[PDB]
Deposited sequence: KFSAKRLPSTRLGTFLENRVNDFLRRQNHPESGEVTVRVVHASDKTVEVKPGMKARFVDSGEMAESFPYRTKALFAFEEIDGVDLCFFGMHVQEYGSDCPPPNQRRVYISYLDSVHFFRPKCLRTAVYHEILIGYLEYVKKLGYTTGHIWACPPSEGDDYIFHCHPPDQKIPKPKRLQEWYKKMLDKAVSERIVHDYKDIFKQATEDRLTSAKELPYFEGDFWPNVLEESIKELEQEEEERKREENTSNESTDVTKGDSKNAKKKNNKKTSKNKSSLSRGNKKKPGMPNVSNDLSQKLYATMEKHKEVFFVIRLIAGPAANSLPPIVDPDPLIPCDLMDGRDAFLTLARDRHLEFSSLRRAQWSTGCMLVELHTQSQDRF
């Protein structure tokens, strides 16, 4: 059986799908279907400090040369008339309690994407928010203190995770996407999951940061690249932060003394080797090469079926 449900379970996937299905049960909409959430890749990675920051802070011993993290890919599926549809995906980076500062106990969203066929329409955004809030709830429980989001929509015609979106799925502009994150985070605050959140500039100001070495350094993020582009010739950094403040969310999960003397992060879930889902490139390539598209409900369901066969058959022993 090559179903979504039959993909191996994880504590995280179970936590998220239980949150979503409980939410759906509360809404009691006759058209909602069972949601399945699965983590389909988890691996150890490191992010190397680029040359320039390496020459400036690493070679002096002020900063680590690299930061270890775990990457996880997760997907959500909904049953519609008994057929599974993959409608949401996310790649995250998790920096544990053993990781050197400035990255310890932080999570970062690498990529998030969706295809707009969730049934019913009126619960789609709500379910996306339930997944995101659930993710923050879960990592807070593990002892991660801070979440980080670069709220940047894809460029015209580009796909983050799913190949060939529906032509009529509008892509939000920056302001709309920013507001979307504020709505999600305001809900999380009301549920006492998030303590508070700040834009990157306000965060740096309140922290009284005085050196670029203090800013969290994530794989593929804007800030390592802008630090390199700036270094070609700290006040620059502050200026760049103010200019792009509204794009970058810093989400405080644990505050005050509660954040001070935490035990180590222990993740109960094992690594999950899966080359197909090691970052976003391999799945886009599979979809492109096999002429799969997520461009209509029926096409998306077909492509979901094909994705599932490949996930199961890559995983077999």
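Numbering the deposited sequence from 1, one finds several regions with no C-alpha coordinates, namely 234 to 294, 379 to 380.
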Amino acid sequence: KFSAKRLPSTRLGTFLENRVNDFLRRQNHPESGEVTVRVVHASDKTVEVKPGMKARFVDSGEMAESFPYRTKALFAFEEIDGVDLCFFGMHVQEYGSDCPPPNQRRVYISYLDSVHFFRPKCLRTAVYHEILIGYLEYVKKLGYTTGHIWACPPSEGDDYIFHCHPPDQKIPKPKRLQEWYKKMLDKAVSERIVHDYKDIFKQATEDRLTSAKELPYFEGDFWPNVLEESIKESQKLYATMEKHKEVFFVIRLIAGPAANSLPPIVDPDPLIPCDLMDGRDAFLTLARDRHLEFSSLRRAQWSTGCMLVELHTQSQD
From here on, numbers count along this sequence of modelled residues.
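Set 178 to 186 against 237 to 245 and average the Cα temperature factors; 237 to 245 ends up higher. Between 51 to 59 and 36 to 44, the higher mean Cα B-factor belongs to 51 to 59. When the C-alpha B-factors of 131, 107, 123, 99 are read from the PDB record, the largest value belongs to 99. As recorded in the PDB entry, 213 shows the highest C-alpha B-factor of the residues 213, 163, 116, 148. Ranked by Cα temperature factor within the chain, residue 223 sits in the highest third according to the deposited record. Residue-level temperature factors show residue 127 in the lowest third of its chain, judged at the C-alpha atom. Ranked by Cα temperature factor within the chain, residue 231 sits in the highest third according to the deposited record. Residue-level temperature factors show residue 196 in the middle third of its chain, judged at the C-alpha atom. When all modelled residues of the chain are sorted by CA temperature factor, residue 157 is found within the highest third.
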